[PDB]
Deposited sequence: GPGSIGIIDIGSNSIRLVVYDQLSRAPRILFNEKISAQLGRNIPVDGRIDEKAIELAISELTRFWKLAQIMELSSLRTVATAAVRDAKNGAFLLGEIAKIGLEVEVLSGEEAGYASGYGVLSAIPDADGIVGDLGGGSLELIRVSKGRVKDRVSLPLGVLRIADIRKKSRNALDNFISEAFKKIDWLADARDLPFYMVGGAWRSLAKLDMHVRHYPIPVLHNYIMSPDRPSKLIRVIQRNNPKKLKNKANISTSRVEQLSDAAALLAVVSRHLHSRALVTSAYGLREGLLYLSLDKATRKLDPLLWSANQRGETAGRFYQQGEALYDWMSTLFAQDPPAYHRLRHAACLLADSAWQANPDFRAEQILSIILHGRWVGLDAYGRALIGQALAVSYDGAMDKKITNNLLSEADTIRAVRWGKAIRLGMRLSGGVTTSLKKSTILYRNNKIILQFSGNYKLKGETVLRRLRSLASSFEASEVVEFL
């Protein structure tokens, strides 16, 4: 059931292979070439012959990889701008000769795809998506699960330098003039700007580096609007395209009245995958979906985290409403480090969170889940991003996970015969069955959980 997308842009041509058409497909393979098909289209109306030759040879390799991988589906998409070149129809025929069926996306289709890519990764998004590619900048309004409007501007990476050279304010003038024709910007002020595309992913990675962001995670990385113009000077003083991307981001975000610059790990390709799902599947939480799959493939006994979540959550009914799903995700990942040596499991599980591909998740939630999972695997607390109350909360989550996983041996259906409750500075483990699971190691884990609640522990048989 593996599937592929070939994304033919004005600059980058990319093959991505995914494990299946699911709510959050895993990436099996990724390869790109900077073929620069669109570079000379504005000047001559023609694609360079050298770009055509490179594109065809690399696309032939991508087609061949799809054959040996026995992909069940392969979708090849291109832009209307390249089709519309004087030799664009010829190029598309040459691509057909490879064996590839090329779907040409209009500006509308392409903007819809990038917008739904962001909605796939950030389901409650409400703002403007900017997909900066080689030939164009797509701006897309997203709100309440839907793409609301969009527009395409000729401000791709390959385009910015000619404008900036004209004068100091030429890029600002260009955006000012263009935005007068876009009637929906007025209803989209003071919202996040969701950054999509390779150029702005590189820029966000540069920003994390120069700010010594402790562990840099791309998805949901947030920059203040006043930040891009400063990166222009950072690049200038390090010891071109990056500078152009920062200049465009500064001007665009200011004229949009954007209040935050939010990186999305997902873009046009994930939007195409999302739109291929039926309506009900699109509404599934992608963090929970992917964390569930991870425990299915990684666990000793497949995914046992749902019953674990229901059991431990009798301690956490008063958690902030938005945190239930984070506690849930941690429970779904609670068996995913079992193959590491015991003394490394806490480090290993943290790296699965901090160095994995997860969406539906921001930095604070990543820290909550990682802290809880590390504690669940730690047999030996403060946290810079987390509040003290949430640090304590995550330690309690982790100790409850640890107790439940130890009590059940990981076969969490057995937890249905017990309850774990907090009241009046007492932590009470009640058995209504499976009484034989009581033991000294369970009592030690129970005492540790109680310590995290500043509580005294009791065991009750019912």
- Which residue ranges of the deposited sequence are not present in the modelled coordinates? 1-2, 242-256, 398-401
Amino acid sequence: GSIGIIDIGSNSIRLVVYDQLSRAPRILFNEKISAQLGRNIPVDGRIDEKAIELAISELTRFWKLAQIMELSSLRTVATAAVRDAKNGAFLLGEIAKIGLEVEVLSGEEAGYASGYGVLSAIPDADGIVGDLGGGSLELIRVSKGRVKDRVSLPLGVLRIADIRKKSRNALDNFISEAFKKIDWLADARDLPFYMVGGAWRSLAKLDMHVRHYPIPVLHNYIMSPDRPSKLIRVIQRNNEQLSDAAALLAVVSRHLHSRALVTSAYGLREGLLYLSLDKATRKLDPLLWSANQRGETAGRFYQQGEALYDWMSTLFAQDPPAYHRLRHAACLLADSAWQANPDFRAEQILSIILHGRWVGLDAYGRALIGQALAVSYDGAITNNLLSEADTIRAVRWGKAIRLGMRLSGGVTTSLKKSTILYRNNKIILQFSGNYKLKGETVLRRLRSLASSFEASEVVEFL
From here on, numbers count along this sequence of modelled residues.
- Higher of the two mean Cα B-factors (346-354, 109-117; per PDB record) comes from 346-354
- Taking the recorded C-alpha temperature factors, which stretch has the higher mean, 384-392 or 367-375? 384-392
- From 292, 276, 253, 229, pick the one with the largest CA B-factor in the entry? 229
- In this crystal structure's PDB entry, the residue among 248, 74, 129, 85 with the greatest CA B factor is 85
- Task: Just say lowest, middle or highest third for the CA B-factor of residue 425 relative to the other modelled residues in its chain.
- Result: highest
- Place residue 270 in the lowest, middle or highest third of its chain's C-alpha B-factors, as listed in the PDB entry. lowest
- Task: Grab the CA temperature factor for residue 241 from the record and place it in the lowest, middle or highest third of its chain.
- Result: highest
- Task: Using the B-factors in the PDB entry, rank residue 306's C-alpha atom against the chain and give the third, lowest, middle or highest.
- Result: lowest
- Item | Ranked against its chain, the third holding the CA B-factor of residue 462 | highest
